[PDB]
Amino acid sequence: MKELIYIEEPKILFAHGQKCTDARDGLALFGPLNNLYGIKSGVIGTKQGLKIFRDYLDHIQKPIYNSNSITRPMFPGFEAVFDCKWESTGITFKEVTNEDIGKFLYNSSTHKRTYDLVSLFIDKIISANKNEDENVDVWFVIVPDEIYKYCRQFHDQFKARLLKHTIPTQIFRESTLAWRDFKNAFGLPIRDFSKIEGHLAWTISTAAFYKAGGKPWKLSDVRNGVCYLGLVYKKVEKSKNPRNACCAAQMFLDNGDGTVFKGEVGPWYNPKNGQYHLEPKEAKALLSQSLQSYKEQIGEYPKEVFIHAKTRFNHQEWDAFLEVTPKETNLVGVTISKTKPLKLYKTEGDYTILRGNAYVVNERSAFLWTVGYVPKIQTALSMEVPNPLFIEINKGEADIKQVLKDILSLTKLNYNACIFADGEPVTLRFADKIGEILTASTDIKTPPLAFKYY
RNA sequence: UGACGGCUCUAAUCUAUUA
DNA sequence: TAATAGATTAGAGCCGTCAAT
């Protein structure tokens, strides 16, 4: 019989310094940190798509209710939550006819049709950006449920191509905004959101508010002078080789004041297939870039660098890392994995193990429960029994207690969603996202480096 | 491309041995 | 220059998310 420890739930700081635990309740109670005066929407799509976006924008001005107000809080309305304006008066329609889509979708090759479709969309968007006097804050691409159905490659190539211009954008489908009318031939909706309409409104509003330059919440208590790196490896499929290792990183310092979260990127390439390791030159380049990007914004080098990863580091890349690291900087390499098939069971009956319990195997290895039961919403984050994260300190010296605490803290800032907390640290998740986007088109110089473009 | 969770399925690499 | 094999990694496609069957 072994023992479990408990890690206290982290706090996210809302407006006028009001700590809370749930992002939705903190927003519905206090509001986002900074105020946008309003959101100007540029909608590109068919006429039906324009009508769908219009009626959804008119719908989410009014309050939206979930089936149970405890498991999922109800949505008060966009202006109430965010003290902004995101309404149908600011729509700047750029029509795309259906015949133009048909001229491209009905070819043979999948690469050609996807390329032509992305070309039409991005060319219209770029023409609107360059030579129109409007100031569109976020572009909204309403794609019918006939484009993304047979284009898989649409989204990643889209975002990769629009990178040189830095235009925030957001993709929607009419099934997402008009699930009610997009039933099947049987007469039953395929995407039933009747009991979770408020949750969908929360997610959409949060994503759109962040893509327009608003910061909804931030970490409450994280010590200063410590930086975090999330390194992920992807496969460059369109290269000559079947696989080619691509390292993309997401950096997370706290700030001089608060909530800096950028992503130290510019993909580092390892040509040897299957070897998810960084050559000494690329390792030195990555660490130097991250250190400089911390330094010129803060002023002094970080006192602790926590290089998270889903892979174990070997010796060569590690000594490469310490080659470019200053003496005063503590450097730690943590490995987070979901491989271990451990599954605890609450013997008392219906519900699962409370989220936040750990199992310290030793000094340099522990299990953590990021997914579990949450008393505040009176329901677990998963349906089946949750899986733990095997957090093992691959390299360096660090307190496993503090490592688990920080890994549980970094699971809160998933700005792309409005959920209680993420099941993985957000550095790894966002590094994965921007690495997936940056490898779609292999010709980019100095990518934008800000998450609203990915 | 609303966002996650959980699933299965498909691969490749390293360490070893047996040529 | 081929086989099994533990351990370590990635990529891909899919269903559920209420209450009650």
# chains A, B, ... in the order shown; residues from 1 in each chain; ligands from 1

call {"tool": "residues_around", "arguments": {"residues": "segment 132-145 of chain A", "least_positions_apart": "3", "cutoff": "7 Å", "atoms": "only C-alpha atoms (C1' of nucleotides)", "output": "MDAnalysis selection string"}}
result
chainID A and resid 39:45 49 128:129 148:149 168:174 211:212

call {"tool": "select_by_dssp", "arguments": {"residues": "segment 250-378 of chain A", "states": "strand (DSSP E or B)", "output": "PyMOL selection string"}}
result
chain A and resi 250-253+268-270+304-309+330-337+354+357-362+365-368+373-374

call {"tool": "residues_around", "arguments": {"residues": "residue 11 of chain C", "least_positions_apart": "4", "cutoff": "9 Å", "atoms": "only C-alpha atoms (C1' of nucleotides)", "output": "PDB file with N, CA, C and O atoms (P, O5', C5', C4', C3', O3' and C1' of nucleotides), in the first residue's frame"}}
result
ATOM      1  N   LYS A 235       6.968  15.896 -37.742  1.00  0.00           N
ATOM      2  CA  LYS A 235       7.494  15.279 -38.952  1.00  0.00           C
ATOM      3  C   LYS A 235       7.210  16.190 -40.137  1.00  0.00           C
ATOM      4  O   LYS A 235       6.052  16.534 -40.397  1.00  0.00           O
TER       5      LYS A 235
ATOM      6  P     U B  10      -4.334  -1.679 -38.432  1.00  0.00           P
ATOM      7  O5'   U B  10      -3.325  -0.667 -39.134  1.00  0.00           O
ATOM      8  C5'   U B  10      -1.937  -0.702 -38.835  1.00  0.00           C
ATOM      9  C4'   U B  10      -1.245   0.569 -39.261  1.00  0.00           C
ATOM     10  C3'   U B  10       0.269   0.563 -39.142  1.00  0.00           C
ATOM     11  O3'   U B  10       0.897  -0.093 -40.228  1.00  0.00           O
ATOM     12  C1'   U B  10      -0.581   2.570 -38.232  1.00  0.00           C
ATOM     13  P     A B  11       2.284  -0.870 -40.008  1.00  0.00           P
ATOM     14  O5'   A B  11       3.325  -0.032 -40.871  1.00  0.00           O
ATOM     15  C5'   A B  11       4.611   0.272 -40.356  1.00  0.00           C
ATOM     16  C4'   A B  11       4.803   1.758 -40.200  1.00  0.00           C
ATOM     17  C3'   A B  11       6.083   2.184 -39.504  1.00  0.00           C
ATOM     18  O3'   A B  11       7.195   2.201 -40.380  1.00  0.00           O
ATOM     19  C1'   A B  11       4.256   3.353 -38.570  1.00  0.00           C
TER      20        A B  11
END

call {"tool": "interface_residues", "arguments": {"of": "chain B", "to": "chain A", "cutoff": "10 Å", "atoms": "only C-alpha atoms (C1' of nucleotides)", "output": "PDB file with N, CA, C and O atoms (P, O5', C5', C4', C3', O3' and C1' of nucleotides), in the first residue's frame"}}
result
ATOM      1  P     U B   1     -10.085  20.518 -40.303  1.00  0.00           P
ATOM      2  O5'   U B   1     -10.757  21.234 -39.051  1.00  0.00           O
ATOM      3  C5'   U B   1     -10.058  22.235 -38.319  1.00  0.00           C
ATOM      4  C4'   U B   1     -10.847  22.700 -37.120  1.00  0.00           C
ATOM      5  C3'   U B   1     -12.186  23.365 -37.437  1.00  0.00           C
ATOM      6  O3'   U B   1     -13.047  23.145 -36.316  1.00  0.00           O
ATOM      7  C1'   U B   1     -10.843  24.886 -36.293  1.00  0.00           C
ATOM      8  P     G B   2     -14.615  23.501 -36.354  1.00  0.00           P
ATOM      9  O5'   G B   2     -14.859  24.281 -34.987  1.00  0.00           O
ATOM     10  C5'   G B   2     -14.235  25.533 -34.745  1.00  0.00           C
ATOM     11  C4'   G B   2     -14.309  25.942 -33.296  1.00  0.00           C
ATOM     12  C3'   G B   2     -13.387  25.214 -32.332  1.00  0.00           C
ATOM     13  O3'   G B   2     -12.072  25.736 -32.346  1.00  0.00           O
ATOM     14  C1'   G B   2     -15.557  25.405 -31.399  1.00  0.00           C
ATOM     15  P     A B   3     -10.823  24.821 -31.926  1.00  0.00           P
ATOM     16  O5'   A B   3     -11.181  24.310 -30.461  1.00  0.00           O
ATOM     17  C5'   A B   3     -11.009  25.146 -29.327  1.00  0.00           C
ATOM     18  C4'   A B   3     -11.101  24.351 -28.049  1.00  0.00           C
ATOM     19  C3'   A B   3     -10.243  23.100 -27.997  1.00  0.00           C
ATOM     20  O3'   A B   3      -8.911  23.386 -27.606  1.00  0.00           O
ATOM     21  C1'   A B   3     -12.440  22.590 -27.279  1.00  0.00           C
ATOM     22  P     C B   4      -7.833  22.209 -27.468  1.00  0.00           P
ATOM     23  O5'   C B   4      -8.162  21.550 -26.057  1.00  0.00           O
ATOM     24  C5'   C B   4      -7.901  20.177 -25.817  1.00  0.00           C
ATOM     25  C4'   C B   4      -8.800  19.625 -24.744  1.00  0.00           C
ATOM     26  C3'   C B   4      -8.794  18.111 -24.603  1.00  0.00           C
ATOM     27  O3'   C B   4      -7.662  17.570 -23.924  1.00  0.00           O
ATOM     28  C1'   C B   4     -11.013  18.833 -24.764  1.00  0.00           C
ATOM     29  P     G B   5      -7.389  17.795 -22.355  1.00  0.00           P
ATOM     30  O5'   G B   5      -8.287  16.685 -21.656  1.00  0.00           O
ATOM     31  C5'   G B   5      -8.003  15.313 -21.855  1.00  0.00           C
ATOM     32  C4'   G B   5      -9.241  14.462 -21.754  1.00  0.00           C
ATOM     33  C3'   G B   5      -9.071  13.025 -22.210  1.00  0.00           C
ATOM     34  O3'   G B   5      -8.508  12.210 -21.202  1.00  0.00           O
ATOM     35  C1'   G B   5     -11.024  13.931 -23.177  1.00  0.00           C
ATOM     36  P     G B   6      -7.218  11.314 -21.519  1.00  0.00           P
ATOM     37  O5'   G B   6      -7.831   9.864 -21.742  1.00  0.00           O
ATOM     38  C5'   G B   6      -8.940   9.425 -20.974  1.00  0.00           C
ATOM     39  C4'   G B   6      -9.890   8.603 -21.805  1.00  0.00           C
ATOM     40  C3'   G B   6      -9.247   7.560 -22.700  1.00  0.00           C
ATOM     41  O3'   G B   6      -8.915   6.372 -22.003  1.00  0.00           O
ATOM     42  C1'   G B   6     -10.839   8.782 -23.941  1.00  0.00           C
ATOM     43  P     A B  12       8.272   1.010 -40.348  1.00  0.00           P
ATOM     44  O5'   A B  12       9.643   1.760 -40.048  1.00  0.00           O
ATOM     45  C5'   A B  12       9.919   3.017 -40.645  1.00  0.00           C
ATOM     46  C4'   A B  12      10.301   4.044 -39.611  1.00  0.00           C
ATOM     47  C3'   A B  12      11.432   3.652 -38.677  1.00  0.00           C
ATOM     48  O3'   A B  12      12.704   3.842 -39.267  1.00  0.00           O
ATOM     49  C1'   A B  12       9.656   4.602 -37.429  1.00  0.00           C
ATOM     50  P     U B  13      13.894   2.802 -38.986  1.00  0.00           P
ATOM     51  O5'   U B  13      14.605   3.387 -37.687  1.00  0.00           O
ATOM     52  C5'   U B  13      14.955   4.760 -37.609  1.00  0.00           C
ATOM     53  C4'   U B  13      15.155   5.192 -36.179  1.00  0.00           C
ATOM     54  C3'   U B  13      16.067   4.307 -35.348  1.00  0.00           C
ATOM     55  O3'   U B  13      17.437   4.605 -35.554  1.00  0.00           O
ATOM     56  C1'   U B  13      14.092   4.779 -34.132  1.00  0.00           C
ATOM     57  P     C B  14      18.555   3.469 -35.364  1.00  0.00           P
ATOM     58  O5'   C B  14      18.850   3.480 -33.799  1.00  0.00           O
ATOM     59  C5'   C B  14      19.146   4.693 -33.119  1.00  0.00           C
ATOM     60  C4'   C B  14      19.013   4.521 -31.627  1.00  0.00           C
ATOM     61  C3'   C B  14      19.825   3.381 -31.033  1.00  0.00           C
ATOM     62  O3'   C B  14      21.148   3.797 -30.737  1.00  0.00           O
ATOM     63  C1'   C B  14      17.584   3.283 -30.238  1.00  0.00           C
TER      64        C B  14
END

call {"tool": "interface_residues", "arguments": {"of": "chain A", "to": "chain C", "cutoff": "12 Å", "atoms": "only C-alpha atoms (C1' of nucleotides)", "output": "PyMOL selection string"}}
result
chain A and resi 66-69+71-72+152+190-197+199-200+232-237+243-246+273-277+309-313+337-340+379-384+436

call {"tool": "select_by_dssp", "arguments": {"residues": "segment 22-263 of chain A", "states": "alpha helix (DSSP H)", "output": "VMD selection string"}}
result
chain A and resid 23 to 29 47 to 59 78 to 82 98 to 105 110 to 130 154 to 161 174 to 177 197 to 211

call {"tool": "write_last_selection", "arguments": {"atoms": "C-alpha atoms", "output": "compact mmCIF listing (two decimals), in the first residue's frame"}}
result
# COMPACT_ATOMS: atom_id res chain seq x y z
CA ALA A 23 -11.94 30.87 -15.77
CA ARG A 24 -15.62 31.05 -16.74
CA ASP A 25 -16.76 32.13 -13.28
CA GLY A 26 -13.91 34.62 -12.96
CA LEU A 27 -14.88 36.17 -16.29
CA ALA A 28 -18.60 36.23 -15.48
CA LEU A 29 -17.79 37.80 -12.10
CA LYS A 47 -24.21 34.20 -48.63
CA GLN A 48 -25.50 31.41 -46.39
CA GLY A 49 -22.30 31.65 -44.36
CA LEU A 50 -22.78 35.39 -43.94
CA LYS A 51 -26.36 34.86 -42.76
CA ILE A 52 -25.22 32.12 -40.38
CA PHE A 53 -22.51 34.28 -38.83
CA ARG A 54 -24.95 37.19 -38.57
CA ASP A 55 -27.64 35.20 -36.78
CA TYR A 56 -25.10 33.58 -34.44
CA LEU A 57 -23.68 37.00 -33.56
CA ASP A 58 -27.22 38.20 -32.85
CA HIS A 59 -27.89 35.06 -30.79
CA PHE A 78 -20.66 38.82 -24.75
CA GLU A 79 -20.94 42.45 -23.64
CA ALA A 80 -21.61 41.42 -20.03
CA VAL A 81 -18.60 39.11 -19.90
CA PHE A 82 -16.07 41.13 -21.88
CA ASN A 98 -20.31 28.74 -54.78
CA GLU A 99 -19.41 28.28 -58.46
CA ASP A 100 -15.85 29.40 -57.74
CA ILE A 101 -15.61 26.72 -55.05
CA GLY A 102 -17.03 24.13 -57.44
CA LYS A 103 -14.50 25.04 -60.13
CA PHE A 104 -11.78 23.79 -57.75
CA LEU A 105 -13.34 21.13 -55.51
CA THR A 110 -6.37 16.34 -53.35
CA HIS A 111 -3.34 18.65 -53.22
CA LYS A 112 -4.53 20.64 -56.24
CA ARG A 113 -8.08 21.27 -55.00
CA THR A 114 -6.84 22.21 -51.52
CA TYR A 115 -4.24 24.55 -53.01
CA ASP A 116 -6.80 26.24 -55.27
CA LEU A 117 -9.33 26.63 -52.44
CA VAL A 118 -6.76 28.08 -50.03
CA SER A 119 -5.58 30.31 -52.88
CA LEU A 120 -9.07 31.72 -53.44
CA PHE A 121 -9.65 32.37 -49.73
CA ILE A 122 -6.25 33.85 -48.87
CA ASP A 123 -6.10 35.92 -52.06
CA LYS A 124 -9.46 37.51 -51.28
CA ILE A 125 -8.37 38.13 -47.68
CA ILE A 126 -5.02 39.63 -48.72
CA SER A 127 -6.63 41.87 -51.35
CA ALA A 128 -9.11 43.07 -48.72
CA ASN A 129 -6.27 43.70 -46.27
CA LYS A 130 -3.98 45.55 -48.68
CA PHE A 154 -6.99 23.07 -45.43
CA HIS A 155 -6.46 24.70 -42.03
CA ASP A 156 -2.72 24.23 -41.53
CA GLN A 157 -1.84 25.29 -45.08
CA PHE A 158 -4.21 28.26 -44.73
CA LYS A 159 -2.52 29.48 -41.55
CA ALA A 160 0.97 28.79 -42.90
CA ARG A 161 0.33 30.80 -46.07
CA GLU A 174 -21.99 26.17 -40.63
CA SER A 175 -22.47 22.99 -38.61
CA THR A 176 -20.60 24.76 -35.79
CA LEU A 177 -22.70 27.94 -35.84
CA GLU A 197 -24.87 25.83 -26.20
CA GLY A 198 -23.51 28.09 -23.45
CA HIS A 199 -20.26 26.12 -23.35
CA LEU A 200 -19.85 26.56 -27.11
CA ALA A 201 -20.55 30.27 -26.74
CA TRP A 202 -17.92 30.49 -24.00
CA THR A 203 -15.32 28.76 -26.17
CA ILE A 204 -16.06 30.83 -29.29
CA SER A 205 -16.17 34.13 -27.40
CA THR A 206 -12.89 33.40 -25.62
CA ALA A 207 -11.07 32.41 -28.82
CA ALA A 208 -12.39 35.44 -30.72
CA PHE A 209 -11.62 37.81 -27.84
CA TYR A 210 -8.05 36.53 -27.60
CA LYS A 211 -7.46 36.63 -31.37

call {"tool": "closest_residue", "arguments": {"among": "A:20, A:354, A:444, A:324", "to": "residue 217 of chain A", "atoms": "only C-alpha atoms"}}
result
A:20

call {"tool": "atom_distance", "arguments": {"atom1": "atom CA of residue 445 of chain A", "atom2": "atom CA of residue 167 of chain A"}}
result
16.2 Å

call {"tool": "residues_around", "arguments": {"residues": "segment 357-367 of chain A", "least_positions_apart": "2", "cutoff": "10 Å", "atoms": "only C-alpha atoms (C1' of nucleotides)", "output": "PyMOL selection string"}}
result
chain A and resi 2-8+334-338+340+342+353-355+369-372+387-401+403-404

call {"tool": "write_last_selection", "arguments": {"atoms": "N, CA and C atoms", "output": "mmCIF file, in the first residue's frame"}}
result
data_model
loop_
_atom_site.group_PDB
_atom_site.id
_atom_site.type_symbol
_atom_site.label_atom_id
_atom_site.label_comp_id
_atom_site.auth_asym_id
_atom_site.auth_seq_id
_atom_site.Cartn_x
_atom_site.Cartn_y
_atom_site.Cartn_z
ATOM 1 N N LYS A 2 0.747 2.049 -1.063
ATOM 2 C CA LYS A 2 1.495 3.287 -1.204
ATOM 3 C C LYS A 2 0.609 4.476 -0.842
ATOM 4 N N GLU A 3 1.206 5.665 -0.853
ATOM 5 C CA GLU A 3 0.530 6.884 -0.435
ATOM 6 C C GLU A 3 0.435 7.868 -1.594
ATOM 7 N N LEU A 4 -0.584 8.721 -1.536
ATOM 8 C CA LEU A 4 -0.792 9.786 -2.504
ATOM 9 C C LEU A 4 -0.707 11.132 -1.803
ATOM 10 N N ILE A 5 -0.101 12.105 -2.470
ATOM 11 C CA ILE A 5 -0.075 13.466 -1.984
ATOM 12 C C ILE A 5 -1.133 14.271 -2.729
ATOM 13 N N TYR A 6 -1.403 15.476 -2.242
ATOM 14 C CA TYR A 6 -2.340 16.389 -2.876
ATOM 15 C C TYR A 6 -1.632 17.692 -3.210
ATOM 16 N N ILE A 7 -1.901 18.212 -4.403
ATOM 17 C CA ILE A 7 -1.355 19.485 -4.854
ATOM 18 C C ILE A 7 -2.512 20.465 -4.971
ATOM 19 N N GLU A 8 -2.386 21.606 -4.301
ATOM 20 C CA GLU A 8 -3.469 22.579 -4.251
ATOM 21 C C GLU A 8 -3.750 23.152 -5.635
ATOM 22 N N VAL A 334 12.780 18.341 -17.874
ATOM 23 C CA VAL A 334 11.692 17.492 -17.411
ATOM 24 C C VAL A 334 11.094 16.778 -18.613
ATOM 25 N N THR A 335 10.705 15.525 -18.418
ATOM 26 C CA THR A 335 10.041 14.742 -19.448
ATOM 27 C C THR A 335 8.658 14.348 -18.954
ATOM 28 N N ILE A 336 7.641 14.649 -19.753
ATOM 29 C CA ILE A 336 6.253 14.371 -19.412
ATOM 30 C C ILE A 336 5.705 13.388 -20.434
ATOM 31 N N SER A 337 5.164 12.274 -19.951
ATOM 32 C CA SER A 337 4.698 11.207 -20.821
ATOM 33 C C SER A 337 3.382 10.648 -20.301
ATOM 34 N N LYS A 338 2.574 10.134 -21.227
ATOM 35 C CA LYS A 338 1.300 9.503 -20.911
ATOM 36 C C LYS A 338 1.325 8.000 -21.169
ATOM 37 N N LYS A 340 2.555 5.332 -19.282
ATOM 38 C CA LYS A 340 2.391 4.367 -18.197
ATOM 39 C C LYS A 340 0.918 4.035 -17.972
ATOM 40 N N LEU A 342 -1.114 3.260 -15.738
ATOM 41 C CA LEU A 342 -1.644 3.293 -14.383
ATOM 42 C C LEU A 342 -3.046 3.884 -14.393
ATOM 43 N N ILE A 353 -11.035 9.331 -9.260
ATOM 44 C CA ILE A 353 -10.058 9.879 -8.330
ATOM 45 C C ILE A 353 -10.003 11.394 -8.472
ATOM 46 N N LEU A 354 -10.012 12.086 -7.336
ATOM 47 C CA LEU A 354 -9.961 13.541 -7.328
ATOM 48 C C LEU A 354 -8.724 14.050 -8.059
ATOM 49 N N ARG A 355 -8.916 15.092 -8.866
ATOM 50 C CA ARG A 355 -7.822 15.664 -9.641
ATOM 51 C C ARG A 355 -6.894 16.472 -8.743
ATOM 52 N N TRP A 369 -2.038 13.601 -11.550
ATOM 53 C CA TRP A 369 -3.399 13.471 -12.063
ATOM 54 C C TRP A 369 -3.890 14.864 -12.447
ATOM 55 N N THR A 370 -3.646 15.236 -13.705
ATOM 56 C CA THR A 370 -4.186 16.477 -14.243
ATOM 57 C C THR A 370 -5.663 16.344 -14.580
ATOM 58 N N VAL A 371 -6.093 15.154 -14.987
ATOM 59 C CA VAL A 371 -7.489 14.871 -15.294
ATOM 60 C C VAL A 371 -8.079 14.076 -14.139
ATOM 61 N N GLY A 372 -9.212 14.530 -13.629
ATOM 62 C CA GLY A 372 -9.857 13.835 -12.540
ATOM 63 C C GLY A 372 -11.171 14.483 -12.186
ATOM 64 N N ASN A 387 -6.178 8.985 -16.968
ATOM 65 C CA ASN A 387 -4.787 8.587 -17.063
ATOM 66 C C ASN A 387 -3.887 9.630 -16.410
ATOM 67 N N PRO A 388 -2.788 9.213 -15.797
ATOM 68 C CA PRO A 388 -1.863 10.165 -15.185
ATOM 69 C C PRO A 388 -0.746 10.557 -16.148
ATOM 70 N N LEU A 389 0.005 11.573 -15.741
ATOM 71 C CA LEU A 389 1.206 11.999 -16.438
ATOM 72 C C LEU A 389 2.419 11.545 -15.640
ATOM 73 N N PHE A 390 3.334 10.844 -16.304
ATOM 74 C CA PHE A 390 4.554 10.356 -15.665
ATOM 75 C C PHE A 390 5.620 11.436 -15.792
ATOM 76 N N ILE A 391 5.664 12.333 -14.812
ATOM 77 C CA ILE A 391 6.621 13.433 -14.814
ATOM 78 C C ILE A 391 7.907 12.927 -14.176
ATOM 79 N N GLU A 392 8.941 12.751 -14.989
ATOM 80 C CA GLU A 392 10.239 12.295 -14.519
ATOM 81 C C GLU A 392 11.286 13.331 -14.892
ATOM 82 N N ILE A 393 12.090 13.738 -13.916
ATOM 83 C CA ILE A 393 13.135 14.720 -14.168
ATOM 84 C C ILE A 393 14.244 14.025 -14.943
ATOM 85 N N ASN A 394 14.251 14.213 -16.262
ATOM 86 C CA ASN A 394 15.221 13.519 -17.098
ATOM 87 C C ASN A 394 16.638 13.997 -16.820
ATOM 88 N N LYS A 395 16.827 15.305 -16.662
ATOM 89 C CA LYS A 395 18.159 15.853 -16.456
ATOM 90 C C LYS A 395 18.092 17.030 -15.496
ATOM 91 N N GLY A 396 19.195 17.264 -14.797
ATOM 92 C CA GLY A 396 19.273 18.371 -13.869
ATOM 93 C C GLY A 396 18.700 18.026 -12.509
ATOM 94 N N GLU A 397 18.769 19.005 -11.613
ATOM 95 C CA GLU A 397 18.330 18.846 -10.235
ATOM 96 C C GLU A 397 17.184 19.805 -9.955
ATOM 97 N N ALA A 398 16.058 19.263 -9.504
ATOM 98 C CA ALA A 398 14.903 20.081 -9.166
ATOM 99 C C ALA A 398 14.040 19.323 -8.172
ATOM 100 N N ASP A 399 13.259 20.078 -7.405
ATOM 101 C CA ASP A 399 12.342 19.492 -6.436
ATOM 102 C C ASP A 399 11.103 18.990 -7.165
ATOM 103 N N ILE A 400 10.851 17.681 -7.081
ATOM 104 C CA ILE A 400 9.728 17.088 -7.803
ATOM 105 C C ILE A 400 8.405 17.676 -7.330
ATOM 106 N N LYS A 401 8.330 18.097 -6.065
ATOM 107 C CA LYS A 401 7.129 18.770 -5.578
ATOM 108 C C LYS A 401 6.873 20.057 -6.354
ATOM 109 N N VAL A 403 8.162 20.886 -9.242
ATOM 110 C CA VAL A 403 7.959 20.563 -10.650
ATOM 111 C C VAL A 403 6.506 20.179 -10.901
ATOM 112 N N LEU A 404 5.943 19.333 -10.035
ATOM 113 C CA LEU A 404 4.540 18.958 -10.185
ATOM 114 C C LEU A 404 3.624 20.161 -9.993
#

call {"tool": "atom_distance", "arguments": {"atom1": "atom CA of residue 91 of chain A", "atom2": "atom CA of residue 178 of chain A"}}
result
17.8 Å

call {"tool": "atom_distance", "arguments": {"atom1": "atom CA of residue 13 of chain A", "atom2": "atom CA of residue 257 of chain A"}}
result
12.6 Å

call {"tool": "residues_around", "arguments": {"residues": "residue 298 of chain A", "least_positions_apart": "4", "cutoff": "10 Å", "atoms": "only C-alpha atoms (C1' of nucleotides)", "output": "ChimeraX atom specification"}}
result
/A:225,253-257,292-294,302

call {"tool": "decode", "arguments": {"residues": "segment 2-16 of chain C", "atoms": "N, CA and C atoms (P, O5', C5', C4', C3', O3' and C1' of nucleotides)", "output": "compact mmCIF listing (two decimals), in the first residue's frame"}}
result
# COMPACT_ATOMS: atom_id res chain seq x y z
P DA C 2 19.98 -7.69 -44.82
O5' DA C 2 18.59 -7.98 -45.56
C5' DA C 2 17.37 -8.01 -44.81
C4' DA C 2 17.02 -9.42 -44.34
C3' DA C 2 15.83 -9.51 -43.39
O3' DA C 2 15.09 -10.70 -43.62
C1' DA C 2 17.81 -10.22 -42.27
P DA C 3 13.61 -10.85 -42.99
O5' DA C 3 13.87 -11.41 -41.51
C5' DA C 3 12.82 -11.36 -40.54
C4' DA C 3 13.20 -12.13 -39.28
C3' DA C 3 12.64 -11.55 -37.99
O3' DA C 3 11.39 -12.16 -37.70
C1' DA C 3 14.98 -12.08 -37.76
P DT C 4 10.34 -11.42 -36.72
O5' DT C 4 10.95 -11.64 -35.26
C5' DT C 4 11.10 -12.96 -34.74
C4' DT C 4 11.55 -12.93 -33.29
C3' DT C 4 10.65 -12.12 -32.35
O3' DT C 4 10.51 -12.78 -31.11
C1' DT C 4 12.85 -11.24 -32.30
P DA C 5 9.38 -12.32 -30.06
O5' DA C 5 10.05 -11.08 -29.31
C5' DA C 5 11.30 -11.25 -28.66
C4' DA C 5 11.82 -9.92 -28.15
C3' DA C 5 10.73 -8.91 -27.78
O3' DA C 5 10.74 -8.67 -26.38
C1' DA C 5 12.54 -7.91 -28.97
P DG C 6 9.41 -8.17 -25.64
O5' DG C 6 9.92 -6.99 -24.68
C5' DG C 6 10.86 -7.28 -23.65
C4' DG C 6 11.56 -6.02 -23.20
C3' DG C 6 10.65 -4.88 -22.76
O3' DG C 6 11.20 -4.22 -21.64
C1' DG C 6 12.01 -4.16 -24.57
P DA C 7 10.36 -3.07 -20.89
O5' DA C 7 10.81 -1.73 -21.63
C5' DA C 7 12.19 -1.40 -21.73
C4' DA C 7 12.39 -0.12 -22.52
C3' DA C 7 11.33 0.97 -22.27
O3' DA C 7 11.95 2.17 -21.84
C1' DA C 7 11.73 0.67 -24.59
P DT C 8 11.09 3.50 -21.62
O5' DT C 8 11.13 4.22 -23.05
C5' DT C 8 12.37 4.34 -23.73
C4' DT C 8 12.22 5.12 -25.02
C3' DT C 8 11.26 6.32 -24.94
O3' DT C 8 11.95 7.50 -25.30
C1' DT C 8 10.89 5.03 -26.90
P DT C 9 11.23 8.93 -25.18
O5' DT C 9 10.85 9.29 -26.69
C5' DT C 9 9.50 9.53 -27.05
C4' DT C 9 9.34 9.51 -28.55
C3' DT C 9 8.05 10.08 -29.08
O3' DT C 9 8.15 11.49 -29.20
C1' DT C 9 8.63 8.07 -30.24
P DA C 10 6.83 12.40 -29.32
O5' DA C 10 6.28 12.12 -30.79
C5' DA C 10 6.94 12.67 -31.93
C4' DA C 10 6.53 11.94 -33.19
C3' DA C 10 5.16 12.31 -33.73
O3' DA C 10 5.29 13.33 -34.73
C1' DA C 10 5.55 9.92 -33.79
P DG C 11 4.03 14.22 -35.17
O5' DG C 11 3.11 13.21 -36.01
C5' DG C 11 3.55 12.73 -37.27
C4' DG C 11 2.55 11.76 -37.85
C3' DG C 11 1.14 12.34 -38.05
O3' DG C 11 0.71 12.16 -39.39
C1' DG C 11 1.05 10.25 -36.92
P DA C 12 -0.68 12.80 -39.87
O5' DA C 12 -1.77 11.68 -39.51
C5' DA C 12 -1.65 10.37 -40.05
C4' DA C 12 -2.95 9.60 -39.90
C3' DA C 12 -4.21 10.46 -39.94
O3' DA C 12 -5.19 9.85 -40.76
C1' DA C 12 -4.19 9.17 -37.97
P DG C 13 -6.31 10.74 -41.49
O5' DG C 13 -7.68 10.17 -40.90
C5' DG C 13 -7.96 8.78 -41.00
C4' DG C 13 -8.92 8.35 -39.90
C3' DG C 13 -10.15 9.25 -39.73
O3' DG C 13 -11.34 8.49 -39.93
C1' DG C 13 -9.15 8.71 -37.63
P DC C 14 -12.78 9.16 -39.73
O5' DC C 14 -13.14 8.84 -38.20
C5' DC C 14 -13.02 7.51 -37.71
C4' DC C 14 -13.65 7.38 -36.34
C3' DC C 14 -14.89 8.26 -36.11
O3' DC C 14 -15.93 7.49 -35.54
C1' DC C 14 -13.34 8.57 -34.36
P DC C 15 -17.45 8.01 -35.58
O5' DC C 15 -17.88 8.01 -34.04
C5' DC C 15 -17.74 6.83 -33.27
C4' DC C 15 -17.84 7.13 -31.79
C3' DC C 15 -19.02 8.02 -31.39
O3' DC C 15 -19.65 7.50 -30.23
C1' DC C 15 -17.00 8.98 -30.62
P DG C 16 -20.98 8.19 -29.65
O5' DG C 16 -20.44 9.14 -28.49
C5' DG C 16 -19.71 8.60 -27.41
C4' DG C 16 -19.77 9.51 -26.19
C3' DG C 16 -20.99 10.41 -26.13
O3' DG C 16 -21.39 10.59 -24.78
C1' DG C 16 -19.02 11.73 -26.33
